[PDB]
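[1] got a structure for you, letters missing:
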């Protein structure tokens, strides 16, 4: 969509990044525990 939905596309990207960061923490700790 760089050459052309939403306007601020980074909000969902940041939320997806936060989900990825949070999920990485959850996966690592659970395996160790």
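    Here it is on my side, so go on. Residues are numbered from 1 along each chain as shown.

[2] and stretch 14-26, how far out from the chain's middle?
    5 Å (CA atoms, centre = their mean, to the nearest Å).

[3] in that stretch, what's buried?
    Neighbour counts over stretch 14-26 (16 or more other CB atoms under 10 Å) mark no residue as buried. For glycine as for every other residue, the C-beta is placed from the backbone atoms N, C-alpha and C.

[4] swap in stretch 7-15?
    Result for stretch 7-15 [16+ other CB under 10 Å]: no buried residues.

[5] residues making contact with that stretch?
    Counting by CB atoms under 8 Å, 6 or more residues apart in numbering, stretch 7-15 makes contact with 1, 6, all of which sit outside it.

[6] how far is it from where the chain is centred?
    On CA atoms, centre = their mean, the centre of stretch 7-15 falls 10 Å from the chain's centre.

[7] same thing with stretch 3-11?
    Distance, stretch centre to chain centre, for stretch 3-11: 16 Å (CA atoms, centre = their mean).

[8] Now do it: distance from first to last residue.
    For stretch 3-11, the separation between the terminal residues is 19 Å (CA to CA, to the nearest Å).
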